[PDB]
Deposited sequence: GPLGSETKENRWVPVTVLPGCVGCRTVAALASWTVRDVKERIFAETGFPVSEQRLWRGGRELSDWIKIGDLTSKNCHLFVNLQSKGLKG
C-alpha cells in the first residue's frame, strides 16, 4: 500500500549502463560517457526525476537502487 513510482520505457534503444562506484560524482559519469561515446562533457546535461543533476553530486548520495539518468539536450 506504499506508493511505488513506476516508469515505463518504450524500448530503451541506445541505453548505456556503466559500472560506477559510490564515490563517483555526476561529473565522473559524464567523463565516462564521453570516454565511451565521444559525446562531449560540456554538452551533457544529466537529469533525474525531472531535476537536473549538478556535477559535484556524489553518485552514492543518489540512492541498493539501480540508478537511471536521462541525458538531455541544451
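Asker: Tell me which segments of the deposited chain sequence are not represented by C-alpha atoms in this structure.
Answerer: No coordinates exist for the deposited residues in 1-9, 73-74, 86-89, so these stretches are absent from the model.
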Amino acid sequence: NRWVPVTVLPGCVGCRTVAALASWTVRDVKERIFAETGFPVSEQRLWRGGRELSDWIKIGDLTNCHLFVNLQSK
From here on, numbers count along this sequence of modelled residues.
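Asker: Averaged over C-alpha atoms, is the B-factor higher for 12-20 or for 54-62 in this PDB entry?
Answerer: Here the higher of the two C-alpha B-factor means belongs to 54-62.
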